[PDB]
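To keep things clear, I will list the structure first and then write my remarks on it.
Both ligands and their constituent atoms are indexed starting at 1 by order of listing. Just so you know, these numbers use all the heavy atoms, side chains as well, and skip hydrogens, waters and symmetry mates. Note that the numbering runs from 1 along the sequence shown for the chain.
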Amino acid sequence: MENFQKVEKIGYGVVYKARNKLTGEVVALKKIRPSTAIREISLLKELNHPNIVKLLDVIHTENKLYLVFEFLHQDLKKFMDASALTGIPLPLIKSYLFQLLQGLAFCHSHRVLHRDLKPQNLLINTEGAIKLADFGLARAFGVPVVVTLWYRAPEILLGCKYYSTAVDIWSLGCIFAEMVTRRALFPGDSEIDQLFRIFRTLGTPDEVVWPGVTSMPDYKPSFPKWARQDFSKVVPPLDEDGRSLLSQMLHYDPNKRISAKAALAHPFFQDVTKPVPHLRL
Ligand SMILES: O=C(O)c1cc(C(F)(F)F)ccc1N[C@@H]1CCc2[nH]c3ccccc3c2C1
Ligand SMILES: O=C(O)c1cc(C(F)(F)F)ccc1N[C@@H]1CCc2[nH]c3ccccc3c2C1
């Protein structure tokens, strides 16, 4: 809108870096393309957690929904790329994982799922903080509106109609692995290639490890049966505390997969700290 100056595209819709003409505040403006939707979204303006981006305004006008967010200068994807020749230091990996779990524990405690966690638009600042952003909430609310599948939980790929909070733990597990190894864990190019990449690493799931998998909507008895690989190939040289946590985040059965609250108690975080990243802006 004419309410904002210096509108600069930076990435459901387009996201711009903008300056509020009145206040001089620099913000992130998402342009998308419902009474319940407006009220549900607006409830989130009043919720507050250090590891979730602040939602400042909601605006339904024209055929458009604008969401105005606090502005952070970089995301985890850019930082991962910048750090690819050296790797992110393990204390900083650990701090970011811990903070992202704190943010998820909070939104799951309010019965909200992110649904589209990925390194992109996980927002970071110079103070060491990381924040959940770019939620996949339009569909879950009454909002009428190429896809990266690398972080999608297997129950989503198998057509489950009712996601649980466990889908976000899966995605975060994939991000954790990618921070450690500097390569995407499951880089699929289609829904079935995504599924089969998971199966080739973690083994084709069956009723022993995932009760009910063979009744999922898109499950096919014709799926190839791959044996589970050596887990020590997956995230070398991560230590056994880290590998243990990761394996619990990547359990096939959503009922067995670790919760955010329980993950925070895992021994991996006993020595957690909050280091300062080296950011070039
Ligand atoms: O800051 C926010 O709130 C924000 C919100 C969302 C969403 F709306 F999707 F939630 C998406 C991205 C957001 N920020 C960008 C993160 C990554 C990045 N890289 C840059 C490189 C040059 C200049 C600016 C940038 C930015 C800013
Ligand atoms: O991130 C987006 O793009 C986004 C999009 C939509 C829409 F439905 F409109 F598409 C709605 C919300 C969105 N994000 C919120 C940012 C602030 C915040 N605080 C919370 C506190 C507890 C639980 C969840 C939250 C959220 C999520």
Residue part near ligand 2, for [X], under 4.0 Å between non-hydrogen atoms:
X	result
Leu47	side chain
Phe141	side chain
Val58	neither

Against heavy atoms of [X], which atoms of ligand 1 measure under 4.0 Å?
X	result
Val53	3 (O)
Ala133	10 (F)
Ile10	14 (N), 15 (C), 27 (C)
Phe71	1 (O), 27 (C)

* Answer whether the closest heavy-atom distance between the side chains of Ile41 and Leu65 falls below 4.5 Å. => yes
* Asked: Are any of the side-chain heavy atoms of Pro119 and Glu178 separated by less than 4.5 Å?
  -> yes
* What class does the angle between the rings of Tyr219 and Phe223 fall in, given that below 30° is parallel, 30 to 60° is tilted and above 60° is perpendicular? -> perpendicular
* Before signing off on this row, confirm whether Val15 and ligand 1 have an N or O atom pair separated by under 3.5 Å. => no
* Counting both backbone and side chain atoms, is some N or O of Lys30 under 3.5 Å from an N or O of ligand 1? -> no
Any atoms of ligand 2 less than 4.0 Å from a non-hydrogen atom of [X]? List them with their elements.
X	answer
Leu55	17 (C)
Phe69	1 (O), 2 (C), 3 (O), 16 (C)
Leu65	9 (F)
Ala138	8 (F), 10 (F)

* Counting only non-hydrogen atoms of the protein, does one fall under 4.0 Å from atom 22 (C) of ligand 1? -> no
* Shortest reach to atom 6 (C) of ligand 2 by a heavy atom, considering only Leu67, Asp134, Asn121 -> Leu67
* To do: Only heavy atoms count here, so choose which of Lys31, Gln74, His73 is nearest to atom 20 (C) of ligand 1.
  => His73
Nearest heavy-atom neighbours spanning [X] and [Y]:
X	Y	value
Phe79	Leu279	CD1-CD2, 3.6 Å
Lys118	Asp134	NZ-OD2, 3.2 Å
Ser164	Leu113	O-CD1, 3.4 Å

* Report yes if the distance between the aromatic ring centroids of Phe106 and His108 is under 6.0 Å, otherwise no. => no
* Looking at the rings of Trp170 and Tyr151, which for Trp means the six-membered one, are their centres under 6.0 Å apart? -> no
* CA sep, side-chain torsions, deciding dist, call: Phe176, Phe268, ring-ring contact (aromatic ring centres under 6.0 Å, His included) -> CA-CA 12 Å; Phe176 179 25; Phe268 186 65; 5.4 Å; yes
* Check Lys17 against ligand 1 and report side chain, backbone, both or neither, counting heavy atoms closer than 4.0 Å. => neither
* Asked: Given that the side chain starts at C-beta and the backbone is N, CA, C, O, which of these parts of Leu123 lies under 4.0 Å from ligand 1, counting heavy atoms, or is it both or neither?
  -> side chain
Measure the distance from [atom] to every protein heavy atom, then report the residue, atom name and distance (to 0.1 Å) of the closest one.
atom	value
atom 3 (O) of ligand 1	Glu70 O, 2.4 Å
atom 5 (C) of ligand 1	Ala28 CB, 4.0 Å
atom 14 (N) of ligand 1	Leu72 O, 3.5 Å

Run the salt-bridge test on [X] and [Y] with the 4.0 Å N-O cut-off and return the result as yes or no.
X	Y	result
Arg33	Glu62	no
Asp193	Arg197	yes
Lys94	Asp271	yes

* Going by distance only, is there an N or O of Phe106 that falls short of 3.5 Å from an N or O of ligand 2? -> no
* Asked: Hey, does the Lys NZ or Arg CZ of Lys54 hover above the aromatic six-ring of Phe69, less than 6.0 Å from the centre and inside 45° of the axis?
  -> no
